[PDB]
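# A look at the structure
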Amino acid sequence: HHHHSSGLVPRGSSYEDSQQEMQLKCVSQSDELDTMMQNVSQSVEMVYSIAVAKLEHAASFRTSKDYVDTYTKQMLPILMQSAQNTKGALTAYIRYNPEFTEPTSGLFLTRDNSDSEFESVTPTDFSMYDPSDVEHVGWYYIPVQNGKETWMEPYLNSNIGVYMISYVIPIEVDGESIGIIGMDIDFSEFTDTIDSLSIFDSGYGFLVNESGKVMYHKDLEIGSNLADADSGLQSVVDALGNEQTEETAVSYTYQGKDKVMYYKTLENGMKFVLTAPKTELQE
Ligand SMILES: O=c1cc[nH]c(=O)[nH]1
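Cut-offs applied
Residues numbered from 1 in each chain as written, not as in the entry; some residues may be left out. Heavy atoms only, no water. Domains from an automatic or database assignment. Contact = heavy atoms within 4.5 Å. Buried area = accessible area lost by both parts, 1.4 Å probe. Salt bridge = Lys/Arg side-chain N within 4 Å of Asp/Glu carboxyl O. Helix = DSSP H or I, 4+ residues; strand = E, 2+ residues; numbered from the N terminus. Nonpolar A, V, L, I, M, F, W, Y, C, P; charged D, E, K, R; others polar. Axes fitted to C-alpha atoms, helices over the stretch in contact; angles between N-to-C directions. Parallel < 35°, antiparallel > 145°, perpendicular 65-115°, else oblique. Left-handed = near helix turned anticlockwise from the far one by under 90°. Near = heavy atom within 4 Å. Polar contact = N/O pair within 3.5 Å; in protein donor to acceptor, adjacent residues only side chain to side chain. Areas by Shrake-Rupley, 256 points an atom, 1.4 Å probe, with all protein chains shown as cover.

As recorded in the PDB header, X-ray crystallography is the method behind this entry, and the stated resolution is 1.46 Å.

## Some thoughts on the domain arrangement of the protein chain
Domain parsing of the protein chain yields domain 1 (37–188) and domain 2 (198–281). Domain 1 and domain 2 are separated by 33 Å when their C-alpha centres are compared. At the junction of the two partners, domain 1 supplies nine residues and domain 2 supplies 10 residues. Together domain 1 and domain 2 conceal approximately 750 Å² of surface at their shared face, both sides included; 70% is due to carbon and sulfur atoms. Considering only the surface of domain 1 that becomes buried against domain 2, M37, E153 and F187 emerge as the three largest contributors, covering 56% of it. At the boundary of domain 1 with domain 2, the tally comes to zero salt bridges. Only α1 (15–54), β4 (150–157) and β5 (162–173) provide two or more residues apiece to the side of domain 1 that touches domain 2. Looking at the side of domain 1 that touches domain 2, its residues break down into six nonpolar, two polar and one charged.

## Side note on the packing of α1 against helix α4 (residues 188–195)
Running from N to C, α1 and α4 cross one another at 165 degrees; their axes reach a closest spacing of 10 Å. Here α1 lies roughly antiparallel to α4, going by the angle between them. Taken as a pair, α1 and α4 cross one another with a handedness that is right-handed. Side by side, α1 and α4 meet where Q29, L33, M36 and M37 of the first sit next to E189, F190, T193 and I194 of the second. Looking at the contact of α1 with α4, its residues break down into five nonpolar, two polar and one charged.

## A closer look at the packing of α1 against helix α2 (residues 65–84)
Where α1 contacts α2, the axes come no closer than 11 Å and their chain directions differ by 155 degrees. Looking at the two axes, α1 sits roughly antiparallel to α2. Along this stretch, α1 crosses α2, giving a crossing that reads as right-handed. Only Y67, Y71, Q74, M75, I78, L79 and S82 of α2 make contact with α1, whose side of the interface consists of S43, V47, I50, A51, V52 and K54.

## Regarding the site of the ligand
In the vicinity of the ligand, the contacting residues are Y93, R95, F108, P123, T124, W139, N157 and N159. In the environment of the ligand, an oxygen atom lies 2.9 Å from a nitrogen or oxygen atom belonging to the side chain of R95. Between the ligand and the protein, one listed contact pairs a nitrogen atom with a side-chain N or O atom of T124 at 2.9 Å. Protein chains bury 100% of the 240 Å² of accessible surface belonging to the ligand in isolation.

Quick look at the structure:
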């Protein structure tokens, strides 16, 4: 009774038992994908709590460069320590509203990989880019326009050259926007995990938002909608928008095969979908 986990699966390895195995695999793979998302969200929340406790007189951000600069210098070791110990964080930042602060004020910490150290670098200059330019300044305008904590769907950050997701909390005082605090994750951390997943003979996973927009799929273009690949995928999109169908078997037809999927909502609001041909569940 010394059980060992499964190793390399030989090629060719009841229907109810297969449904149960697929349900558990959906849940465990979602737990794995959630790992770095939870690491980052917990760290951002912790620094946010310190940041707002220290921001004792927000009115001075509009009229005192000394206040902004002193506050920033106090926050630097806190943000740096947190980022350095956040597995999967690629950047960390505290930036301020460009209407009343200097456009490179605040903090921008970067590193290449989890084995390297974070460095404090000049923050991206708000005065150089249009507010609609997601690839340069989206990590400010999208969360602030949302008015709450925001997981950003994947985008190319052109300041660092990486396709990433981000968790950003706007810093507001009495309803007024003061700044943001956030960290980023290289999206390939998640797509690599997707690529390594299988079930049965040819089952695979993919990532989609609640409206059916593709975040990552080995065959479908990023940013396309599932319903535009095959009219049979409207049944999948319907399930994604109905919370009561989470973690239940959903049947559909795609590219000439009956398929079964299970989905689970991830920490960032994406849906992880695990799918297989119906014949692979059959006995
Ligand atoms: O200054 C910053 C902050 C977040 N993200 C960036 O690319 N730059």
